[PDB]
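Notes follow once the structure below has been shown.
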Amino acid sequence: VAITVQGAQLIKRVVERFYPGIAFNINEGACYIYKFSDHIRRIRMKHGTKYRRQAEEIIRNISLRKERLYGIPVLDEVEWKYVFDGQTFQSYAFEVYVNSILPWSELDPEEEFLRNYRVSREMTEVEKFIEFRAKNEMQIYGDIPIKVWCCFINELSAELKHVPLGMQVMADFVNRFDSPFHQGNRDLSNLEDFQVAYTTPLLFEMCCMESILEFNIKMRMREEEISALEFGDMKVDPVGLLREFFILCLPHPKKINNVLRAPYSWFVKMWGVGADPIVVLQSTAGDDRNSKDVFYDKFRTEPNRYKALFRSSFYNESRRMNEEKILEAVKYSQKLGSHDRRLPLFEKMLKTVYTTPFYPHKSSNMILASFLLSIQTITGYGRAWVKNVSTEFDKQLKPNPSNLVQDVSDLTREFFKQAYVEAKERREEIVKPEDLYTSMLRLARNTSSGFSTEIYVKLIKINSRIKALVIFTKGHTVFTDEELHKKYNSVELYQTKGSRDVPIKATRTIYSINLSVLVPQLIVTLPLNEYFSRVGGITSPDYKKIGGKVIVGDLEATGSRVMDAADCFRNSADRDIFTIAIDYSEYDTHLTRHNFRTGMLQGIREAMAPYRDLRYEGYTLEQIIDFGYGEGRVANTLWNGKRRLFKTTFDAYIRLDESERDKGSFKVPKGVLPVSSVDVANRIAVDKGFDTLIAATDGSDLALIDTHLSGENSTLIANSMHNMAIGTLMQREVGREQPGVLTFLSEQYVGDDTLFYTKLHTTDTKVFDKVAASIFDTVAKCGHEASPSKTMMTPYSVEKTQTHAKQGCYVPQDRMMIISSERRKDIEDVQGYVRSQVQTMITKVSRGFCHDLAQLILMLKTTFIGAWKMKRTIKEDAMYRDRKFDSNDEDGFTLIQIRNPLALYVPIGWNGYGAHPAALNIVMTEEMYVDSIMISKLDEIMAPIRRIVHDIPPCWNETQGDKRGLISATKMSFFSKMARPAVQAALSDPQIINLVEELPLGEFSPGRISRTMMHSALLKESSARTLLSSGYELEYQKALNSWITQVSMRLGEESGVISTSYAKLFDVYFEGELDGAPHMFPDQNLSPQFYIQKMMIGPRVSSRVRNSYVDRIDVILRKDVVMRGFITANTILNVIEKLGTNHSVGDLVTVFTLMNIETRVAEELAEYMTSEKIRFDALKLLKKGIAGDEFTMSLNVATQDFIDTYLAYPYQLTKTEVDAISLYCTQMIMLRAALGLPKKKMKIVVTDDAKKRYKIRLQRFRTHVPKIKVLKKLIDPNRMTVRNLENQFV
Amino acid sequence: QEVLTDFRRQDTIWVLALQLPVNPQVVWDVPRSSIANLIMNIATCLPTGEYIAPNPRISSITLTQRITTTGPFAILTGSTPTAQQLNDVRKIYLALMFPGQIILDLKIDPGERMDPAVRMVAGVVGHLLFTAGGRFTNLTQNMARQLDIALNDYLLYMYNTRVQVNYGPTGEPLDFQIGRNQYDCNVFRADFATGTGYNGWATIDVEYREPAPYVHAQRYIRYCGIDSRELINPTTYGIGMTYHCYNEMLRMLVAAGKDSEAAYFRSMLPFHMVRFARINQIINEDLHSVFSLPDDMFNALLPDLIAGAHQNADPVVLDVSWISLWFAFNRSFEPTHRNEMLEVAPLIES
Amino acid sequence: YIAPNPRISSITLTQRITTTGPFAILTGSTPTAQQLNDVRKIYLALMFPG
Amino acid sequence: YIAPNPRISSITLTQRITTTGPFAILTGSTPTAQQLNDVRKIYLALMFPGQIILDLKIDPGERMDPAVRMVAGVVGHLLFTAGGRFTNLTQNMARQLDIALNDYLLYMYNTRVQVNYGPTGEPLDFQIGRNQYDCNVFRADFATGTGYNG
Amino acid sequence: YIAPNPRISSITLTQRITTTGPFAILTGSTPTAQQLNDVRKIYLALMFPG
Amino acid sequence: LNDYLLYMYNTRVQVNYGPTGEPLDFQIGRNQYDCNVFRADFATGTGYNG
Amino acid sequence: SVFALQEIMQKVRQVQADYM
Amino acid sequence: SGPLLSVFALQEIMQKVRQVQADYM
Amino acid sequence: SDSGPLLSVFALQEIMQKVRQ
Amino acid sequence: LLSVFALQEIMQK
Amino acid sequence: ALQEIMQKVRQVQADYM
């Protein structure tokens, strides 16, 4: 019944399916197979090299399958045909798909999403453009080949005895059409040779996702032991609904999913609000509606006061919009295909959404609610095509006495002035001219660099984009008068647009801006970006300060989704709160110069009036304002992007003359022929006569933009501030037209999203309708467009920032991708990467996902990540050595490595991954391992992994390779401005001082600081990192052949360091019967392994324990502008270990200033270090990421209440030592709660026998003193802790 | 008065269905209607705000100056509140905002009852935080007796040859003389007839001012002798103000050798003055309605409570924890959003 | 058998650090099984006086 | 602007580690970029005796900070002049620093030193110490300049 | 059989503050079959005096 | 004007109130300036121009 | 004795019955 | 440096550890 | 009914040394 | 090596 | 030791200023 044996058998059968005839053994930690490749052999043969048997090494291997190389068997990867053993199911979805195929004659090249275009055996010029489009927009990426996923689906279907529809259509396709394409393992983005249709990889990805969701819903259903899901009092089947969705969305996947994702969310938001009895969970916090101190009592049912209101016209139109939206999508899907099916269950359920009650305390409804929001996860990353369009000024709304545009501009200008004053109040000010040449590195994270720079390295020329290299090369030219007085509105100067994908929606466009525009923007906008980062403000409408109103930046500060968003649960639990959410459409489009830009410019202009006495190299501030924003600089600018092309015949190009055939500078796609201008394109373009495509090349189709840009340095602040103005106008108008009906209690502004918590003083339908009409009338006259179909106005349901709450309980939606990925990634560090995915899977399972399927997915992924990526090394007689010889007789062979799945459950430091089989939130560590093996209950769980330890080879990791083999030829010309006067002082000397600059500072020394900074900048660039990756194979060979099968479990540590193994010095007792009363919690959709933890231990109701000494060091280091991105606390402590702690404040100030730390941070760090050295122990605690995941953030652990309740420890211990105890205590108590053990208090015990006390004293003394290193650093033993340890335990 | 200022006012006939000077007697003639009026007043006139902690350097320079030593105050300075404790603080402030109708009591849960440090700190704080004088009371008798026992336990738990103690004949708590000057502790035992041990000791708590919007309740409440008529600026209002009980508590603390705690309270005094100035402003300006208790019924609550008479409304009793007193002493109530029903209340009343 | 409040001794017996006596040494120790049997013997002897 | 030798404050202001206070807190701080401008204002007001006077800022924060107010009240009576010939301070600032010095002189006192209060109740109206030191002379009075350098 | 009004034991002042009765655990409990039979016995004995 | 005068963001000065509760019925400052002259009286217009 | 999911499931069914 | 142990050695004395557990229980 | 106490590294070393001799 | 007082002998070579 | 180094480098800093 243990998961460790079932998963082992599962993955074993998957491995034997993937590689037939495998010699895989469960009891061995690794396996090695050979693979043969002929691609290098051919290219060697064309140089006339002589080889032995050519295709024989193919034919003899594929057929007989018994040839051996140095005794190690050689196998070939299994064919596409036999992945599902040739079974068929004649599924209707297959004919639905093949009916949706389209010939090339119906091409619309400007399509956002590609349709199901057929692939012909012969070639044509338009098919080249189709191939070019498909290669880019149809990439899967990810980290695991799709065939491995298909094998896993087949095996798990065999295990669970159920047949997903996705596997059915998969088998139906492969039974006749054989391979879809070819994918390489060394680089998964090499998809090539499309066989049948250009949209096949989308089919495979969607079918695997659908099968994963079908498995997950069935296993989660079995966990709760329910027979069917429930809607009201009616039974419903989830797999039926999922198949019903899947069959309909298949004609045109991306478009249908994008147009259909909204009604499903609206139904979930609107479910159960109008029921006569309502079940709510009590929650109580502070007076403010954004208090974060909630606590939960119990459930109750209450009558609904709002029941009579739901006969309103507004709700009827809201429902009717969604019925039209579902029906038009169904009609389009039926028309494109050859089917007459529809969505009967969903339209049946939509008919009575209001009156059917919602039951948060019944899992049959909560699972359904969570599943409907997670359905949309089958069309990830939504790559799309975008077109360049100008500003079209004619449709802009002119200000007239019937609108509110001038009022919006005036109020937003007043808000800029007020916010600037508020930022000045918080000692945040604009940059000073003394800081002009050093603050340019402080650009916001949404910024982008316009011009890429060229670097010579020693030999090779390369290009780079990141701010550091471009600035360090050409920063002095940024402010020069030549670059200031130029405008980007002609052919000679222009800027290009980029694009980045998003997980579900269409690809988002971004703007690249030259640094000469960004820096003047930064000069003014830096203090406001700094100031608005703070949290915890008051959001009452009658409060003067506007700092707390903006929620931008007030997200993920705690780090837990459930913890920081508790106001949603609190407001949804309150019957007296009415919540309103306005959803705008094309917000960034409607920020015009009539309403937004001019008032903002005026706010900045009369903002800098008190600073008019300052000058910047002759220029004054109001000239810098025009430098940052102005015509030809930000507004009224030309922009380049995707080309525009038109449909013509072939021979029309032949009748053209050479004036229309002149090819310009701009590049054109593969399958399109050039043409001079767009005018001749309009003359020649013919619609019915599709034979060829032509694209203009003279630059007449660039975009003219006079609208707010997403790449600017103040986009979020401006957007939220504009929304503040809009909300002020909305409140003013609703107060004026309908006095006293609606009172605003809280207003919330983040991005384009707006939220209101208000009190409604009436239940009459006609008053509510007039109020809603007034709101929509006001927002319409204001210039924007507000959709009445998405705008939400509800008593009991609250949504913000993709977070949903219904009746005081958390309804999670899961959008975490598992198969695909946003961009291609290369795994520099396998172990940290697997750590990252297991951390993300913790979040996924915390969002309602099944725990066992998560374990199975990690069990799969832990085996195949390291495979296929080692090369130019061969193994013979258990010895690794370089690839054969110069004989070139076995040159075509490579070695592939397969890891034991159970390596997922062996701790870090033992070459493994720190996951725990009992629950994923517990981190394996050596002490945790020995504790688990000493527990008698876990033996059956721990039995297989007992024999798998001490067999794991070292993991692939290119990150620790650090050498000097990347000498650059380009130099740091701007160094004369980057170096602090501390650095600038020690380079004017005639090398006399050079010989006395012998402090142990390492690479940060005068005469070498510039080179080391440049070197680090290159190592930030991956295209520069790729040069040193060649030599890492030899070091990996050294790591392999230096490995010895031995487990060390060194519970000691480096004497400067302390870890959680320290608690293993003492024995641990469990006594006392604690209270068994269960606690309440809002998230009622968890796995039982997590549910037991959330019930035994309540939610966190306080701040976590005080930050560590390293945390304080990092916070102090977060004050230096130029070194925050270059200095961590580890870098400081590494220098300190050689420098020593026995120094005065002046010594440390001088040392830090020499290390490019500015003198104020130097003084602060020196004083704090002196205080810590004099007062406390000062040892840094190393933790294995424990208590750092998503779920542990929400538990009542690692807090002072937790220590006071659950822990009793001797008083002789120090604060760092008791913290090291406390983390182990949290881990142990979490593990005991997970196993269902009785709740008992835990104590650390020290016995009366003398010999144990002698060893404890010896160990503590050797731990607190770094032995012979006391000579190196001359640390005075007169520090309080070490001097006090003389007779602590005597 | 915008409706009366148009240019057609010279030939307009006005009709009114209601009158503003509503008789407050007709509201209180409903039999057994005290709790309903209290609930209506709370729902109508109570504002909302937040709680502000003082500057943490005060405790750093006055309470934890000596690292090598540890006491009860040093232990409880580093603690942090929870949600339920904040709710208890809210209950304490709600009881404070109504002088006589709401009273407090202590929970019987063990744990905190066996902890000495919390009991001592609460015993010290509650004598300055609450009022049990000769006009109105905020506490039950059991809570006062428990606080007296806690202060007795704190005042002599660790005494040496420098601090001479002379016991009394009765053997009751606080019946001893302490210090070199023989300070008498008998004044700090609770006595509801005269209120020696609390904020009502030798001060004027209530007055009467003749012109009031409502004639049934024209009392004027002033905690610790603050005549808060003007607007409050927290940085300047309480620079040089003091009252009798605080001075006597400081004298006892310095007499018994508790110098650090005396310094802490001396530094914390202006904040303690400002909180009560705000509370008196809130009581005297925001909670004035016909639902407020009449003067004739207000002056008889304490005699009925001390005499065991139940011919009128029994005041509501609430329960709070021990550490909630210490957490309340370090929090001040600053109103940030006044109630929405202030300007609509008289019409509803009529 | 129940222990007293652990913070009773923190304010009176080991409140002043850097000073060590007999009580400070014996404070914080935890008895073995034999010492628990001895405590049981103590209580049995107490329950029967003579 | 030059600073004195740190060894002075090392040997005389934080000579013992186990005890902290206002001066020990303030001796570890460092000035930000904004406060050097205030120091420049102090010196510019000092160079011109009566033509330029100064006043304290009004924003909260430091006004509720005890240690900063205490050390400023101690320093101001020695740093500034309010004598009978010329003055550098507004009367409000002089009164504020007198109140700060009053708060400093008796924030924490024991039985070793005794205080006898005067009849007026004004700040600094008491006698302190074994010798019965009169503290009334440090209250500001612009007609004589008793509390400052004049 | 009619239970007493629930508002007697506990009174509410605001949305987050309520008073607690002394017999909450007994009020929240529910009878079993045998206890119901015993209650019927009590009432039958009350209604016939001797 | 009454609210502005009684709001004191600096050190408080002495104020003496009168028998009536009318606004501006107090004497402020050390010089004891009478503030009753600024209350509106349309017969002679003391509080404003003229 | 060996661990099983049965007792954890029993406890969560008990608390859901309490909720009901 | 530090104490020295091994899982290999611990596997043989696991049953002794269990006996000590039972004795303390 | 319970897992019992957890031994330190020193107790395990003592057990191993006693078994060895 | 347990006592801190033995360390200063090592410090003094 | 760092004392003479500290003095020399701070003298360099002072003369550069």
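We name chains A, B, ... following the order of the structure tokens; residues begin at 1 in each chain, and ligands are numbered from 1 as shown.
Cα RMSD between chain E and chain C, computed after least-squares fitting of the latter onto the former across all residues in order: 4.2 Å.
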Can you tell me which residues surround region 27-37 of chain C at a distance of at most 8 Å, considering only C-alpha atoms, apart from same-chain residues fewer than 3 positions away, and format the answer as number ranges by chain?
A: 1210-1211, 1245-1248; C: 23-24, 40-41; H: 24
Could you please take those selected residues and save N, CA and C atoms as a PDB file, in the first residue's frame?
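Final file, part.pdb:
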```pdb
ATOM      1  N   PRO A1210      16.641  23.826  27.629  1.00  0.00           N
ATOM      2  CA  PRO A1210      17.482  24.387  28.697  1.00  0.00           C
ATOM      3  C   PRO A1210      17.837  25.841  28.418  1.00  0.00           C
ATOM      4  N   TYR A1211      17.977  26.619  29.493  1.00  0.00           N
ATOM      5  CA  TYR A1211      18.179  28.059  29.360  1.00  0.00           C
ATOM      6  C   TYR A1211      19.593  28.422  28.927  1.00  0.00           C
ATOM      7  N   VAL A1245      16.280  16.911  26.397  1.00  0.00           N
ATOM      8  CA  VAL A1245      16.689  16.381  27.690  1.00  0.00           C
ATOM      9  C   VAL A1245      18.207  16.254  27.747  1.00  0.00           C
ATOM     10  N   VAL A1246      18.769  16.644  28.890  1.00  0.00           N
ATOM     11  CA  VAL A1246      20.174  16.429  29.213  1.00  0.00           C
ATOM     12  C   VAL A1246      20.234  15.619  30.499  1.00  0.00           C
ATOM     13  N   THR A1247      20.937  14.493  30.456  1.00  0.00           N
ATOM     14  CA  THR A1247      20.948  13.534  31.550  1.00  0.00           C
ATOM     15  C   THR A1247      21.951  13.938  32.626  1.00  0.00           C
ATOM     16  N   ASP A1248      21.919  13.194  33.734  1.00  0.00           N
ATOM     17  CA  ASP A1248      22.794  13.464  34.867  1.00  0.00           C
ATOM     18  C   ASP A1248      24.140  12.756  34.757  1.00  0.00           C
TER      19      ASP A1248
ATOM     20  N   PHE C  23      21.708  26.127  42.903  1.00  0.00           N
ATOM     21  CA  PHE C  23      20.369  26.135  42.326  1.00  0.00           C
ATOM     22  C   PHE C  23      20.407  26.352  40.821  1.00  0.00           C
ATOM     23  N   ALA C  24      21.281  27.241  40.348  1.00  0.00           N
ATOM     24  CA  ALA C  24      21.407  27.461  38.911  1.00  0.00           C
ATOM     25  C   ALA C  24      21.912  26.211  38.203  1.00  0.00           C
ATOM     26  N   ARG C  40       8.425   8.364  43.227  1.00  0.00           N
ATOM     27  CA  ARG C  40       7.278   7.537  43.592  1.00  0.00           C
ATOM     28  C   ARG C  40       7.426   6.993  45.009  1.00  0.00           C
ATOM     29  N   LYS C  41       8.639   6.572  45.371  1.00  0.00           N
ATOM     30  CA  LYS C  41       8.899   6.116  46.734  1.00  0.00           C
ATOM     31  C   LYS C  41       8.692   7.242  47.744  1.00  0.00           C
TER      32      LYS C  41
ATOM     33  N   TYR H  24      12.208   2.266  27.638  1.00  0.00           N
ATOM     34  CA  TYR H  24      11.819   3.583  28.138  1.00  0.00           C
ATOM     35  C   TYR H  24      10.304   3.739  28.175  1.00  0.00           C
TER      36      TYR H  24
END
```
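Of note, CA of residue 440 (chain A) and CA of residue 619 (chain A) are spaced 17.5 Å apart.
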Write down as a PyMOL selection string the residues of region 225-264 of chain B whose backbone DSSP state falls under alpha helix (DSSP H).
chain B and resi 244-255+259-264
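Pairwise distance (CA of residue 16 (chain E), CA of residue 87 (chain B)) equals 8.1 Å.
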Proximity of chain B to chain A: per-residue shortest pair, 12 Å limit, only C-alpha atoms, as a tab-separated table:
```
residue	atom	partner	partner_atom	distance
B:46	CA	A:287	CA	11.5
B:47	CA	A:287	CA	9.5
B:48	CA	A:287	CA	6.1
B:49	CA	A:287	CA	6.4
B:50	CA	A:287	CA	7.0
B:51	CA	A:286	CA	9.4
B:67	CA	A:1175	CA	9.8
B:68	CA	A:1280	CA	10.7
B:78	CA	A:1200	CA	9.9
B:79	CA	A:1200	CA	8.0
B:80	CA	A:1102	CA	7.7
B:81	CA	A:1102	CA	7.3
B:82	CA	A:1102	CA	5.7
B:83	CA	A:293	CA	5.5
B:84	CA	A:295	CA	7.8
B:85	CA	A:293	CA	10.6
B:86	CA	A:286	CA	8.2
B:87	CA	A:285	CA	7.9
B:88	CA	A:286	CA	11.7
B:89	CA	A:286	CA	11.0
B:90	CA	A:286	CA	8.9
B:111	CA	A:1205	CA	10.7
B:333	CA	A:287	CA	11.4
B:334	CA	A:287	CA	11.6
B:335	CA	A:287	CA	10.2
B:336	CA	A:543	CA	7.0
B:337	CA	A:542	CA	6.7
B:338	CA	A:542	CA	9.1
B:339	CA	A:745	CA	10.3
B:340	CA	A:743	CA	7.8
B:341	CA	A:740	CA	10.2
B:343	CA	A:740	CA	10.9
B:344	CA	A:740	CA	9.7
```
Show me which bits of chain B are within 10 Å of chain D, counting only C-alpha atoms, as a PyMOL selection string.
chain B and resi 54-58+60-62+64-69+180+234-236+239-240+254-255+257-267+270-271
Output N, CA and C atoms of each residue in that selection to a file, as a compact mmCIF listing (two decimals), in the first residue's frame.
```txt
# COMPACT_ATOMS: atom_id res chain seq x y z
N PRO B 54 3.49 53.06 20.73
CA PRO B 54 4.45 54.14 20.95
C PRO B 54 5.80 53.83 20.32
N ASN B 55 6.71 54.79 20.46
CA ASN B 55 8.06 54.63 19.92
C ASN B 55 8.80 53.56 20.72
N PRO B 56 9.35 52.53 20.07
CA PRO B 56 9.97 51.43 20.82
C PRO B 56 11.25 51.81 21.54
N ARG B 57 11.81 53.00 21.30
CA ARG B 57 13.03 53.39 22.00
C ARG B 57 12.77 53.73 23.46
N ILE B 58 11.52 54.01 23.84
CA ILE B 58 11.20 54.31 25.23
C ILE B 58 11.51 53.10 26.11
N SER B 60 13.47 50.69 25.25
CA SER B 60 14.89 50.39 25.13
C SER B 60 15.72 51.20 26.11
N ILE B 61 15.36 52.47 26.32
CA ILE B 61 16.14 53.33 27.21
C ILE B 61 15.65 53.30 28.65
N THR B 62 14.45 52.79 28.92
CA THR B 62 13.93 52.80 30.29
C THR B 62 13.61 51.43 30.86
N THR B 64 14.84 48.07 29.32
CA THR B 64 15.84 47.05 29.03
C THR B 64 17.23 47.67 28.94
N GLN B 65 17.53 48.58 29.87
CA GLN B 65 18.85 49.20 29.88
C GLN B 65 19.92 48.23 30.37
N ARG B 66 19.57 47.36 31.31
CA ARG B 66 20.50 46.38 31.86
C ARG B 66 20.27 45.04 31.16
N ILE B 67 21.20 44.66 30.29
CA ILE B 67 21.06 43.41 29.55
C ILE B 67 21.19 42.21 30.48
N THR B 68 22.08 42.28 31.47
CA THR B 68 22.41 41.13 32.29
C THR B 68 21.29 40.70 33.23
N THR B 69 20.26 41.52 33.41
CA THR B 69 19.16 41.20 34.31
C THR B 69 17.87 41.03 33.52
N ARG B 180 12.09 53.58 52.76
CA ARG B 180 12.78 54.27 53.85
C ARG B 180 11.85 55.26 54.55
N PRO B 234 -1.23 65.22 18.98
CA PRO B 234 -0.58 64.29 19.92
C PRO B 234 0.83 64.68 20.33
N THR B 235 1.50 65.55 19.57
CA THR B 235 2.90 65.84 19.88
C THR B 235 3.06 66.95 20.92
N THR B 236 1.99 67.67 21.26
CA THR B 236 2.13 68.83 22.13
C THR B 236 1.10 68.88 23.25
N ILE B 239 2.22 67.66 27.29
CA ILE B 239 3.61 67.93 27.67
C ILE B 239 3.78 67.98 29.18
N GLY B 240 2.91 68.71 29.88
CA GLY B 240 3.10 68.90 31.30
C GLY B 240 1.88 68.65 32.16
N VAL B 254 9.00 54.22 43.21
CA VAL B 254 10.34 54.66 43.57
C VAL B 254 10.64 54.33 45.02
N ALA B 255 9.60 54.25 45.86
CA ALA B 255 9.80 53.90 47.26
C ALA B 255 10.21 52.44 47.42
N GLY B 257 11.94 50.57 45.34
CA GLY B 257 13.13 50.18 44.62
C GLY B 257 12.93 49.80 43.17
N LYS B 258 11.73 50.00 42.63
CA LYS B 258 11.46 49.73 41.21
C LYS B 258 11.73 50.98 40.37
N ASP B 259 13.02 51.27 40.19
CA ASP B 259 13.41 52.51 39.53
C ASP B 259 13.17 52.45 38.02
N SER B 260 13.47 51.31 37.39
CA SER B 260 13.33 51.21 35.94
C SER B 260 11.87 51.32 35.51
N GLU B 261 10.97 50.66 36.24
CA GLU B 261 9.55 50.76 35.93
C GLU B 261 9.03 52.18 36.15
N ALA B 262 9.51 52.84 37.20
CA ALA B 262 9.12 54.23 37.44
C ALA B 262 9.56 55.13 36.30
N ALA B 263 10.79 54.92 35.81
CA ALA B 263 11.26 55.69 34.66
C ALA B 263 10.43 55.40 33.42
N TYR B 264 10.06 54.13 33.21
CA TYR B 264 9.24 53.77 32.06
C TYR B 264 7.89 54.48 32.10
N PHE B 265 7.24 54.47 33.26
CA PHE B 265 5.95 55.15 33.38
C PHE B 265 6.09 56.66 33.26
N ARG B 266 7.17 57.23 33.80
CA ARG B 266 7.40 58.67 33.68
C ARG B 266 7.58 59.07 32.22
N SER B 267 8.27 58.23 31.44
CA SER B 267 8.41 58.52 30.01
C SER B 267 7.11 58.28 29.26
N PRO B 270 2.89 61.14 28.89
CA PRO B 270 2.15 61.97 27.92
C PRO B 270 1.26 61.18 26.97
N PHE B 271 1.72 60.00 26.54
CA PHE B 271 0.91 59.14 25.69
C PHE B 271 -0.36 58.69 26.42
```
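From CA of residue 433 (chain A) back to CA of residue 616 (chain A), the distance works out to 6.1 Å.
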Need to verify the contact set: residue 3 (chain G), 9 Å, only C-alpha atoms, exclusion of same-chain residues closer than 2 positions in sequence. Can you return it as a compact mmCIF listing (two decimals) with N, CA and C atoms, in the first residue's frame?
```txt
# COMPACT_ATOMS: atom_id res chain seq x y z
N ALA A 2 2.17 1.06 0.23
CA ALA A 2 3.10 2.18 0.23
C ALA A 2 3.22 2.77 -1.17
N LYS A 937 6.88 3.32 12.91
CA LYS A 937 5.70 3.35 12.06
C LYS A 937 6.04 3.53 10.58
N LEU A 938 7.14 4.20 10.27
CA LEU A 938 7.48 4.55 8.90
C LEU A 938 8.32 3.48 8.20
N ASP A 939 8.59 2.35 8.87
CA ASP A 939 9.52 1.35 8.34
C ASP A 939 9.08 0.84 6.98
N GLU A 940 7.81 0.48 6.84
CA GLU A 940 7.29 0.01 5.56
C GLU A 940 7.42 1.08 4.47
N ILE A 941 7.28 2.35 4.83
CA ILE A 941 7.54 3.42 3.87
C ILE A 941 9.02 3.52 3.57
N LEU A 1235 1.73 11.97 10.28
CA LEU A 1235 1.57 10.54 10.45
C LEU A 1235 0.38 10.17 11.33
N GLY A 1236 -0.34 11.14 11.88
CA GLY A 1236 -1.45 10.83 12.75
C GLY A 1236 -1.07 10.45 14.16
N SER G 1 2.99 -2.06 14.13
CA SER G 1 2.05 -1.11 13.55
C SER G 1 2.68 -0.37 12.37
N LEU G 5 -3.59 5.43 5.50
CA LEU G 5 -4.40 6.62 5.29
C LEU G 5 -5.77 6.49 5.93
N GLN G 6 -6.10 5.31 6.45
CA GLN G 6 -7.45 5.03 6.93
C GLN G 6 -7.82 5.90 8.12
N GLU G 7 -6.91 6.05 9.08
CA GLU G 7 -7.24 6.82 10.28
C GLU G 7 -7.31 8.32 9.99
```
